[PDB]
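Below: one structure, written as C-alpha cells.
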Amino acid sequence: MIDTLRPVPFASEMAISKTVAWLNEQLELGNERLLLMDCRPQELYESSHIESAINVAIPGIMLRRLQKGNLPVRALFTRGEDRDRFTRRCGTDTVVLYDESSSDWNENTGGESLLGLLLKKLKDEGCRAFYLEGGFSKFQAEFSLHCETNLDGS
C-alpha cells in the first residue's frame, strides 16, 4: 500500500484530479480503508465498482458514466447529502472523487475558488483528496473512460 500516495509510479500519481489507483489491495478492500465519491442511487453496487463510494449529488450520476468531463462546477458536493456521507465516513484512509477532467473543477490544477476550497478543506482535515480525469495512458489506464460496474458494466 501507499501512505497518502508517496511513491512515484502508479498509486502515487493522483494530485488534484488524475485518476483512481492503489493496487489490487485497496481496489479489493472497499470497507474501511478508503472513501470514494460517486453515484448515489445504487450506492451499494456502484460502491462495489470501487472501494467505498459515497452518495454524491449529481444530475444523472455524471451521465451515469465517468466519461464526459463537463458536469457543472461543484456538480456533486456543495449540496448537503454529499458532505453527509463523506463527513460520516471521513478519516478512513484516502478520499477520491469522480468529477472527471473539466467538470467540478473546470480543469485548473492551480487553486480555483469553488472546488479549490472544497479540496483544500478535504485535505485540511487530514487527507490527500484527488479526483479522476484521464491524463496520459497512465491515469486513463487506471480509470479510463468508464469507472463503473453496476451503472455501465461492459
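Labels used: A, B, ... for chains in the order of the C-alpha cells, numbers from 1 for residues in each chain, and numbers from 1 for ligands as shown.
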
Tell me, counting only C-alpha atoms, for each residue of segment 56-77 of chain A within 12 Å of segment 116-121 of chain A, which pair of atoms is nearest and how far apart they are in Å to one decimal, in rows ordered by chain and increasing number, as a tab-separated table.
residue	atom	partner	partner_atom	distance
A:73	CA	A:116	CA	10.9
A:74	CA	A:118	CA	8.5
A:75	CA	A:118	CA	11.8
A:76	CA	A:118	CA	10.8
A:77	CA	A:118	CA	8.0

Write a file of the selected residues as a PDB file, in the first residue's frame, keeping N, CA, C and O atoms.
ATOM      1  N   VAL A  73     -19.832  22.960 -12.307  1.00  0.00           N
ATOM      2  CA  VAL A  73     -18.935  23.176 -11.177  1.00  0.00           C
ATOM      3  C   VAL A  73     -19.589  22.714  -9.882  1.00  0.00           C
ATOM      4  O   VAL A  73     -20.796  22.873  -9.697  1.00  0.00           O
ATOM      5  N   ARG A  74     -18.797  22.121  -8.995  1.00  0.00           N
ATOM      6  CA  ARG A  74     -19.321  21.599  -7.733  1.00  0.00           C
ATOM      7  C   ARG A  74     -20.549  20.728  -7.999  1.00  0.00           C
ATOM      8  O   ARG A  74     -21.436  20.609  -7.154  1.00  0.00           O
ATOM      9  N   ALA A  75     -20.598  20.146  -9.196  1.00  0.00           N
ATOM     10  CA  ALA A  75     -21.724  19.317  -9.612  1.00  0.00           C
ATOM     11  C   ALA A  75     -22.167  18.363  -8.510  1.00  0.00           C
ATOM     12  O   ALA A  75     -23.359  18.096  -8.355  1.00  0.00           O
ATOM     13  N   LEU A  76     -21.210  17.837  -7.750  1.00  0.00           N
ATOM     14  CA  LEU A  76     -21.537  16.905  -6.682  1.00  0.00           C
ATOM     15  C   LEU A  76     -20.728  17.183  -5.421  1.00  0.00           C
ATOM     16  O   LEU A  76     -19.688  16.581  -5.177  1.00  0.00           O
ATOM     17  N   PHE A  77     -21.247  18.078  -4.593  1.00  0.00           N
ATOM     18  CA  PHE A  77     -20.571  18.438  -3.361  1.00  0.00           C
ATOM     19  C   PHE A  77     -21.374  19.463  -2.567  1.00  0.00           C
ATOM     20  O   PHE A  77     -22.084  19.112  -1.624  1.00  0.00           O
TER      21      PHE A  77
END

Neighbour list for residue 61 of chain A as a ChimeraX atom specification, cut-off 9 Å, only C-alpha atoms, skip fewer than 4 positions in-chain: /A:38-41,56-57,65-66,151

Write the residues of the selection above to a file with N, CA and C atoms, as a compact mmCIF listing (two decimals), in the first residue's frame.
# COMPACT_ATOMS: atom_id res chain seq x y z
N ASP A 38 -18.98 8.89 -5.68
CA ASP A 38 -19.58 8.71 -6.99
C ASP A 38 -20.94 8.03 -6.90
N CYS A 39 -21.84 8.38 -7.81
CA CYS A 39 -23.17 7.78 -7.86
C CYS A 39 -24.04 8.25 -6.69
N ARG A 40 -25.09 7.49 -6.39
CA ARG A 40 -26.00 7.82 -5.30
C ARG A 40 -27.14 6.80 -5.19
N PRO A 41 -27.81 6.48 -6.32
CA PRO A 41 -28.93 5.53 -6.33
C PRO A 41 -28.53 4.14 -5.83
N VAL A 56 -22.96 10.77 -3.76
CA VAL A 56 -22.75 12.12 -4.29
C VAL A 56 -24.00 12.60 -5.02
N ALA A 57 -24.18 13.92 -5.06
CA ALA A 57 -25.35 14.50 -5.70
C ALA A 57 -25.04 15.07 -7.07
N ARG A 65 -21.79 7.55 -16.09
CA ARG A 65 -20.60 7.07 -16.79
C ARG A 65 -19.53 8.14 -16.74
N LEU A 66 -18.46 7.87 -15.99
CA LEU A 66 -17.36 8.80 -15.88
C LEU A 66 -16.69 8.95 -17.23
N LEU A 151 -23.47 0.38 -13.33
CA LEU A 151 -24.07 1.53 -13.99
C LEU A 151 -23.93 1.40 -15.50

Atom-to-atom span, atom CA of residue 79 of chain A and atom CA of residue 147 of chain A, Å: 22.9 Å

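Nearest residue to residue 16 of chain A, choosing from A:145, A:114, A:35, A:96 and counting only C-alpha atoms: A:96.
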
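When DSSP reads the backbone of this structure, the residues of chain A it assigns to strand (DSSP E) are residues 35, 36, 37, 95, 96, 97, 130 and 131 of chain A.
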
Pick from A:127, A:50, A:71, A:44 nearest to residue 22 of chain A, counting only C-alpha atoms: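 Distance minimum relative to residue 22 of chain A lands on A:50.
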
Residue 31 of chain A environment, 9 Å, only C-alpha atoms, sequence neighbours closer than 3 positions dropped, as a list in words: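 Listed by chain and then number, they are residues 28, 34, 35, 51 and 52 of chain A.
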
For the residues selected in the previous step, produce a file with N, CA and C atoms as a CSV table (one decimal), in the first residue's frame.
chain,number,residue,atom,x,y,z
A,28,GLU,N,-9.5,-3.9,-3.7
A,28,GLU,CA,-10.2,-5.1,-3.2
A,28,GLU,C,-10.8,-4.8,-1.8
A,34,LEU,N,-10.7,3.3,2.7
A,34,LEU,CA,-10.8,4.4,1.8
A,34,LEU,C,-12.2,4.9,1.7
A,35,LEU,N,-12.3,6.0,1.0
A,35,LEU,CA,-13.7,6.6,0.8
A,35,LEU,C,-13.8,7.4,-0.5
A,51,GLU,N,-13.8,0.9,-3.9
A,51,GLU,CA,-13.7,0.5,-2.5
A,51,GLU,C,-15.0,0.9,-1.8
A,52,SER,N,-15.2,2.1,-1.4
A,52,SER,CA,-16.4,2.6,-0.7
A,52,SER,C,-16.8,3.9,-1.2

Per-residue DSSP, segment 14-153 of chain A, filtered to alpha helix (DSSP H), as a ChimeraX atom specification: /A:23-29,43-48,61-64,81-88,114-124,136-143

Using the selection just defined, write its residues with N, CA and C atoms as a short mmCIF file (atom, residue, chain, number, x, y, z; two decimals), in the first residue's frame.
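Listing of selection25.cif after writing:
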data_model
loop_
_atom_site.label_atom_id
_atom_site.label_comp_id
_atom_site.auth_asym_id
_atom_site.auth_seq_id
_atom_site.Cartn_x
_atom_site.Cartn_y
_atom_site.Cartn_z
N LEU A 23 -3.28 -0.19 -6.05
CA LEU A 23 -3.03 -1.62 -6.08
C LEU A 23 -4.31 -2.41 -5.82
N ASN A 24 -4.30 -3.67 -6.23
CA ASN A 24 -5.44 -4.55 -6.01
C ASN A 24 -5.82 -4.56 -4.54
N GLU A 25 -4.85 -4.24 -3.68
CA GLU A 25 -5.09 -4.19 -2.24
C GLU A 25 -6.29 -3.31 -1.94
N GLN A 26 -6.17 -2.02 -2.23
CA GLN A 26 -7.25 -1.08 -1.98
C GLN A 26 -8.47 -1.43 -2.82
N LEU A 27 -8.26 -1.58 -4.13
CA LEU A 27 -9.35 -1.91 -5.04
C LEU A 27 -10.18 -3.08 -4.52
N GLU A 28 -9.55 -3.94 -3.73
CA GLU A 28 -10.22 -5.10 -3.16
C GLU A 28 -10.83 -4.76 -1.80
N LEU A 29 -10.07 -4.04 -0.99
CA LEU A 29 -10.51 -3.63 0.34
C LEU A 29 -11.98 -3.21 0.35
N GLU A 43 -25.81 3.19 -4.54
CA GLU A 43 -24.61 3.43 -3.73
C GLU A 43 -23.91 2.12 -3.34
N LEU A 44 -24.69 1.07 -3.14
CA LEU A 44 -24.14 -0.23 -2.76
C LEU A 44 -23.38 -0.86 -3.92
N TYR A 45 -24.08 -1.06 -5.03
CA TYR A 45 -23.49 -1.65 -6.21
C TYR A 45 -22.40 -0.75 -6.79
N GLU A 46 -22.75 0.49 -7.08
CA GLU A 46 -21.79 1.45 -7.62
C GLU A 46 -20.55 1.49 -6.74
N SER A 47 -20.75 1.41 -5.43
CA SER A 47 -19.63 1.37 -4.49
C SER A 47 -18.79 0.14 -4.76
N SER A 48 -19.46 -0.96 -5.10
CA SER A 48 -18.78 -2.21 -5.43
C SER A 48 -17.76 -1.97 -6.53
N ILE A 61 -25.88 10.95 -12.33
CA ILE A 61 -24.68 10.20 -11.99
C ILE A 61 -23.54 10.58 -12.92
N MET A 62 -23.45 11.88 -13.23
CA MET A 62 -22.44 12.36 -14.16
C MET A 62 -22.65 11.70 -15.51
N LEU A 63 -23.90 11.65 -15.93
CA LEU A 63 -24.27 10.97 -17.16
C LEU A 63 -24.12 9.46 -16.98
N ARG A 64 -24.22 9.01 -15.72
CA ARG A 64 -24.10 7.59 -15.38
C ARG A 64 -22.97 6.93 -16.17
N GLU A 81 -26.27 16.24 1.13
CA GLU A 81 -26.14 14.79 1.24
C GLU A 81 -24.69 14.36 1.02
N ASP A 82 -24.04 14.93 0.02
CA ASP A 82 -22.66 14.59 -0.29
C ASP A 82 -21.78 14.68 0.95
N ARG A 83 -21.64 15.89 1.49
CA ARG A 83 -20.83 16.11 2.68
C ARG A 83 -21.30 15.22 3.83
N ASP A 84 -22.57 14.82 3.78
CA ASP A 84 -23.15 13.97 4.82
C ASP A 84 -22.43 12.63 4.90
N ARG A 85 -22.51 11.86 3.82
CA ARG A 85 -21.88 10.54 3.78
C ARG A 85 -20.36 10.65 3.96
N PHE A 86 -19.76 11.66 3.34
CA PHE A 86 -18.32 11.86 3.44
C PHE A 86 -17.91 12.12 4.89
N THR A 87 -18.35 13.25 5.44
CA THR A 87 -18.04 13.59 6.82
C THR A 87 -18.38 12.43 7.75
N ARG A 88 -19.32 11.59 7.32
CA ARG A 88 -19.73 10.43 8.11
C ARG A 88 -18.68 9.33 8.03
N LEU A 114 -14.24 27.57 -6.01
CA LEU A 114 -15.22 26.55 -5.67
C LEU A 114 -14.55 25.26 -5.22
N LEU A 115 -14.18 24.41 -6.17
CA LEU A 115 -13.52 23.15 -5.85
C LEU A 115 -12.20 23.40 -5.14
N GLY A 116 -11.62 24.58 -5.36
CA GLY A 116 -10.37 24.92 -4.72
C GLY A 116 -10.49 24.89 -3.21
N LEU A 117 -11.61 25.38 -2.70
CA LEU A 117 -11.86 25.39 -1.27
C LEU A 117 -12.39 24.04 -0.80
N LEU A 118 -13.15 23.37 -1.68
CA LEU A 118 -13.70 22.06 -1.37
C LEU A 118 -12.58 21.05 -1.13
N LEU A 119 -11.58 21.08 -2.00
CA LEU A 119 -10.43 20.20 -1.86
C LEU A 119 -9.58 20.64 -0.67
N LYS A 120 -9.24 21.92 -0.64
CA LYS A 120 -8.43 22.48 0.44
C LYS A 120 -8.96 22.06 1.80
N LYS A 121 -10.29 22.05 1.93
CA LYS A 121 -10.92 21.66 3.18
C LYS A 121 -10.78 20.15 3.41
N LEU A 122 -11.00 19.38 2.35
CA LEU A 122 -10.89 17.93 2.43
C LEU A 122 -9.49 17.51 2.88
N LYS A 123 -8.49 18.27 2.45
CA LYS A 123 -7.11 17.97 2.81
C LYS A 123 -6.76 18.58 4.17
N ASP A 124 -7.31 19.76 4.44
CA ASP A 124 -7.06 20.45 5.70
C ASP A 124 -7.35 19.52 6.88
N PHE A 136 -2.83 11.09 -19.75
CA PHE A 136 -1.83 10.14 -20.23
C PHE A 136 -2.36 8.71 -20.17
N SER A 137 -1.69 7.82 -20.90
CA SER A 137 -2.06 6.41 -20.92
C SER A 137 -2.06 5.83 -19.51
N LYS A 138 -1.38 6.50 -18.58
CA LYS A 138 -1.27 6.02 -17.21
C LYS A 138 -2.57 6.22 -16.42
N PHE A 139 -2.95 7.47 -16.18
CA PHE A 139 -4.14 7.76 -15.40
C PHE A 139 -5.38 7.18 -16.06
N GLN A 140 -5.41 7.19 -17.39
CA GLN A 140 -6.53 6.62 -18.12
C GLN A 140 -6.50 5.10 -18.06
N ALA A 141 -5.30 4.53 -18.06
CA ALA A 141 -5.16 3.08 -17.96
C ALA A 141 -5.81 2.57 -16.69
N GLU A 142 -5.70 3.36 -15.63
CA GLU A 142 -6.28 3.01 -14.34
C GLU A 142 -7.80 3.10 -14.38
N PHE A 143 -8.31 4.31 -14.59
CA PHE A 143 -9.76 4.53 -14.67
C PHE A 143 -10.11 5.33 -15.91
#

d(atom CA of residue 68 of chain A, atom CA of residue 154 of chain A) in Å: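 Taking atom CA of residue 68 of chain A and atom CA of residue 154 of chain A, their separation equals 17.2 Å.
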
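Within 6 Å of segment 98-100 of chain A, once only C-alpha atoms are used and residues closer than 6 positions along the same chain are dropped, the contacting residues are residues 38, 69, 131, 132 and 133 of chain A.
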
Keeping N, CA and C atoms, export the residues of the selection given above as an mmCIF file, in the first residue's frame.
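Okay, again14.cif is ready:
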data_model
loop_
_atom_site.group_PDB
_atom_site.id
_atom_site.type_symbol
_atom_site.label_atom_id
_atom_site.label_comp_id
_atom_site.auth_asym_id
_atom_site.auth_seq_id
_atom_site.Cartn_x
_atom_site.Cartn_y
_atom_site.Cartn_z
ATOM 1 N N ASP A 38 -18.975 8.891 -5.676
ATOM 2 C CA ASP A 38 -19.575 8.712 -6.991
ATOM 3 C C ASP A 38 -20.938 8.029 -6.898
ATOM 4 N N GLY A 69 -16.395 14.806 -18.861
ATOM 5 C CA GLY A 69 -15.655 15.971 -18.421
ATOM 6 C C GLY A 69 -16.389 17.236 -18.808
ATOM 7 N N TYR A 131 -9.350 13.555 -7.470
ATOM 8 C CA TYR A 131 -10.428 13.043 -8.309
ATOM 9 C C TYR A 131 -9.878 12.349 -9.545
ATOM 10 N N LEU A 132 -10.784 11.941 -10.422
ATOM 11 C CA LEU A 132 -10.403 11.299 -11.670
ATOM 12 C C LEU A 132 -10.214 12.347 -12.759
ATOM 13 N N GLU A 133 -9.961 11.896 -13.981
ATOM 14 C CA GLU A 133 -9.750 12.815 -15.092
ATOM 15 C C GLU A 133 -9.516 12.058 -16.393
#
